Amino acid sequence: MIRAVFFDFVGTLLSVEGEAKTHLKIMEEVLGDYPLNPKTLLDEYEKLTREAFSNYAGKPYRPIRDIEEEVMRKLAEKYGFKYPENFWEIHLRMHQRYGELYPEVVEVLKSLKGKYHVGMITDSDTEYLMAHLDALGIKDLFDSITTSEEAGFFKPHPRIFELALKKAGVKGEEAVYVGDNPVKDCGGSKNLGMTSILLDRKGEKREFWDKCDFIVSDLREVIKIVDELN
C-alpha cells in the first residue's frame, strides 16, 4: 500500500511557462539598456545552465547558485555587459514575484494531505528553496522537503531518495514519486523501489514513457493512481 507521495518542484509544481517569463524578467533586469536582445541572452542562459546541470546529474552536490553564477559570468564576458554582483539576489527576487504554480497544485497537495505523507524531493539549494516555496505559499503543504544539498548528491543518485524515504518513515515500495524527467526522476526513484509517475503536460516525452510506471498530463490524475494501487 502507498503511504507517501513525493513531488519534484520545477517543472512538476512550478510552471515551465512561468519560469520562462521569470527568467526573461531576470535577463531584462540584468541587461538594462545594454543593446543585447534579452530573449537572446535568455536562450543562451537556458542552454548553458541546462548543459551544466547535465554534467552534475548523479554527482556530489555543488551549490546550484555557484553553477548558475558561473554561467552568467561567462555570458557577461561573452557579450560585454558587466556581471551584476548581486545577481543571485535578483534571481530570488524575480522568482518570488512572478512564479506561478500549475493551476491544480494546491488542490492536489491539499487532497493528499491527511491520507498520505506529502513530500518534496528536489535538486536545490535549501535556503533559497525555502524562500521560494514560501513566496509561492506552499512551504507548509508538505510533511517533508528533501534537497540535494541535504543528501549531498543530485538526482538520480539514490541517496537523495533514500533520505526522503527515511524522513517520512516509509520503504520505497510504499511510495510514489512524481517528476517531469524520465531518467532522473522515474529512473532515480525506481532504484529505491518507488512507483514513478511522469508529468508530461503536452505529451512531449513519449520517446521516454517506457521508463516510467505511469504518465499523467494533469496532477489531479495522481490521487486516482494511488487509490488504484491501494
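Counting begins at 1, following the sequence as shown.
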Completion exercise
With B-factors read from the PDB entry, the higher C-alpha mean of 184 to 192 and 22 to 30 is in 22 to 30
Practice task
Would you determine, from the values in the PDB entry, which of 65 to 73 and 201 to 209 has the greater average C-alpha temperature factor?
Solution key: 201 to 209
Practice task
Select one of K113, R159, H91, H132: the residue whose C-alpha shows the highest B-factor in the crystal structure entry.
Solution key: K113
Handout entry: Identity of residue with top Cα B-factor, from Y83, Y128, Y102, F153
Key = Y83
Practice task
Would you mind ranking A52 by its C-alpha B-factor against the rest of the chain and naming the third, lowest, middle or highest?
Solution key: highest
Practice task
Could you look up the Cα B-factor of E44 in the entry and say which third of the chain it sits in: lowest, middle or highest?
Solution key: highest
Fill in the blank from the handout: Entry-reported C-alpha B-factor of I215 relative to its chain, by third, is middle
Handout entry: Third assignment of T147 from its chain's C-alpha B-factors
Key = lowest
Problem - Third of chain Cα B-factors occupied by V222 - result: middle
